[PDB]
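Step one of this worksheet: look at the structure below.
All of the numbers you see were taken from the coordinates with simple rules; none came from a lab. When we count neighbours, we look across all protein chains shown, and the Cβ atoms used for this are built from the backbone with ideal geometry, even at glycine.
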């Protein structure tokens, strides 16, 4: 389904643009599903839009501060790094 396809795209991007630090597919899935739970994303593909990136950081930051749950924030740090790197690579090539 779309959820699994997005996890696989993100995993691949992370391998290319992070490397050794890459989060596992289930960690990416936990982060993505939590963001859906909190209403930040409708479709899992909404994560790809640069317009969602600051809202996601804010929400996961808030979760760490209020619940002491920072796992998803750490995963996002890696995912966002890879997404920014990918976008920047596309920008400079285009």
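Table for the structure above
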read-out	value
Coordinate range along principal axes, alpha carbons of the chain, Å, largest first	40, 27, 26
Relative contact order (%) - the chain, alpha-carbon pairs under 8 angstrom, separation at least six	36 percent
Approximate spin-label separation residue 70-residue 38, in nm, with each point projected 7 Å along Cα-to-Cβ	1.5 nm
Residue 18-residue 49 pseudo-label distance in nm [points 7 Å out on the Cα-to-Cβ vector]	2.4 nm
